[PDB]
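Working notes, structure below.
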Amino acid sequence: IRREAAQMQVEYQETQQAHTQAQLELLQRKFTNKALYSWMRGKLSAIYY
Amino acid sequence: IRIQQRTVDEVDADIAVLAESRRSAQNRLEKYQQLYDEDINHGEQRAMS
């Protein structure tokens, strides 16, 4: 029974790893992602200059 | 919840281990009590006389 609980803990850790994968992917498919920010301040910096 | 449920089952199994331990201890209690009460049996008393 203790072995079963330890095995479930391994599955719990694997689930947490996949959760952070989804968080990072959602951050990249965001509308206000890194690419959008990079081009906006790039355009505005040239205008400001 | 599933992991914590297994923890409850583990201490239930530990109660079963304790029950088996008590069964052996009780048997020793009855065996030695019967020996103590009987003391010197008829064969031993016959030899002494």
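The chains in the structure tokens are called A, B, ... from first to last as shown; in each chain the residues are counted from 1, and the ligands are counted from 1 in the order shown.
Taking only C-alpha atoms, the non-local environment of residue 5 (chain B) within 12 Å (same-chain residues fewer than 2 positions away omitted) comprises residues 1, 2, 4, 5 and 8 of chain A; 1, 2, 3, 7, 8, 9, 10, 11 and 12 of chain B.
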Convert the current residue selection to file output with N, CA, C and O atoms, as a PDB file, in the first residue's frame.
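Output file again-v2.pdb is given in full below:
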```
ATOM      1  N   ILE A   1       0.837  -1.195   0.000  1.00  0.00           N
ATOM      2  CA  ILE A   1       0.000   0.000   0.000  1.00  0.00           C
ATOM      3  C   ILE A   1       0.874   1.247   0.000  1.00  0.00           C
ATOM      4  O   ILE A   1       0.588   2.224  -0.703  1.00  0.00           O
ATOM      5  N   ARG A   2       1.963   1.228   0.774  1.00  0.00           N
ATOM      6  CA  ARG A   2       2.911   2.336   0.744  1.00  0.00           C
ATOM      7  C   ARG A   2       3.547   2.472  -0.634  1.00  0.00           C
ATOM      8  O   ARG A   2       3.798   3.588  -1.102  1.00  0.00           O
ATOM      9  N   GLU A   4       2.113   1.744  -3.482  1.00  0.00           N
ATOM     10  CA  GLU A   4       1.119   2.373  -4.344  1.00  0.00           C
ATOM     11  C   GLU A   4       1.119   3.886  -4.164  1.00  0.00           C
ATOM     12  O   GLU A   4       1.131   4.637  -5.144  1.00  0.00           O
ATOM     13  N   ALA A   5       1.147   4.349  -2.911  1.00  0.00           N
ATOM     14  CA  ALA A   5       1.138   5.786  -2.651  1.00  0.00           C
ATOM     15  C   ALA A   5       2.380   6.462  -3.218  1.00  0.00           C
ATOM     16  O   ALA A   5       2.294   7.562  -3.777  1.00  0.00           O
ATOM     17  N   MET A   8       1.949   6.835  -6.948  1.00  0.00           N
ATOM     18  CA  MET A   8       1.028   7.926  -7.249  1.00  0.00           C
ATOM     19  C   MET A   8       1.709   9.282  -7.086  1.00  0.00           C
ATOM     20  O   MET A   8       1.394  10.233  -7.801  1.00  0.00           O
TER      21      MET A   8
ATOM     22  N   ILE B   1      -6.441  13.596  -3.023  1.00  0.00           N
ATOM     23  CA  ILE B   1      -7.428  12.828  -2.269  1.00  0.00           C
ATOM     24  C   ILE B   1      -7.146  11.336  -2.389  1.00  0.00           C
ATOM     25  O   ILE B   1      -7.209  10.595  -1.399  1.00  0.00           O
ATOM     26  N   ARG B   2      -6.824  10.872  -3.598  1.00  0.00           N
ATOM     27  CA  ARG B   2      -6.526   9.456  -3.789  1.00  0.00           C
ATOM     28  C   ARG B   2      -5.271   9.049  -3.025  1.00  0.00           C
ATOM     29  O   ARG B   2      -5.221   7.963  -2.435  1.00  0.00           O
ATOM     30  N   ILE B   3      -4.246   9.905  -3.031  1.00  0.00           N
ATOM     31  CA  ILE B   3      -3.018   9.608  -2.297  1.00  0.00           C
ATOM     32  C   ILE B   3      -3.290   9.571  -0.798  1.00  0.00           C
ATOM     33  O   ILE B   3      -2.834   8.668  -0.087  1.00  0.00           O
ATOM     34  N   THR B   7      -3.169   6.571   2.362  1.00  0.00           N
ATOM     35  CA  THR B   7      -2.546   6.717   3.674  1.00  0.00           C
ATOM     36  C   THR B   7      -3.455   6.184   4.777  1.00  0.00           C
ATOM     37  O   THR B   7      -2.984   5.543   5.725  1.00  0.00           O
ATOM     38  N   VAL B   8      -4.760   6.440   4.671  1.00  0.00           N
ATOM     39  CA  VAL B   8      -5.711   5.881   5.629  1.00  0.00           C
ATOM     40  C   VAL B   8      -5.702   4.359   5.555  1.00  0.00           C
ATOM     41  O   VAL B   8      -5.747   3.671   6.581  1.00  0.00           O
ATOM     42  N   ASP B   9      -5.646   3.812   4.339  1.00  0.00           N
ATOM     43  CA  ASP B   9      -5.606   2.363   4.175  1.00  0.00           C
ATOM     44  C   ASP B   9      -4.328   1.761   4.750  1.00  0.00           C
ATOM     45  O   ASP B   9      -4.339   0.609   5.199  1.00  0.00           O
ATOM     46  N   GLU B  10      -3.223   2.511   4.738  1.00  0.00           N
ATOM     47  CA  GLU B  10      -1.970   1.982   5.268  1.00  0.00           C
ATOM     48  C   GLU B  10      -2.046   1.777   6.778  1.00  0.00           C
ATOM     49  O   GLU B  10      -1.579   0.753   7.293  1.00  0.00           O
ATOM     50  N   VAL B  11      -2.620   2.737   7.506  1.00  0.00           N
ATOM     51  CA  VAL B  11      -2.733   2.576   8.953  1.00  0.00           C
ATOM     52  C   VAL B  11      -3.790   1.533   9.294  1.00  0.00           C
ATOM     53  O   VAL B  11      -3.741   0.919  10.366  1.00  0.00           O
ATOM     54  N   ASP B  12      -4.766   1.322   8.406  1.00  0.00           N
ATOM     55  CA  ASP B  12      -5.688   0.204   8.582  1.00  0.00           C
ATOM     56  C   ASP B  12      -4.955  -1.126   8.470  1.00  0.00           C
ATOM     57  O   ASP B  12      -5.247  -2.071   9.214  1.00  0.00           O
TER      58      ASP B  12
END
```
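The two atoms in question, CA of residue 6 (chain A) and CA of residue 20 (chain A), are spaced 21.8 Å apart.
Coordinates place CA of residue 28 (chain B) at a distance of 19.9 Å from CA of residue 41 (chain B).
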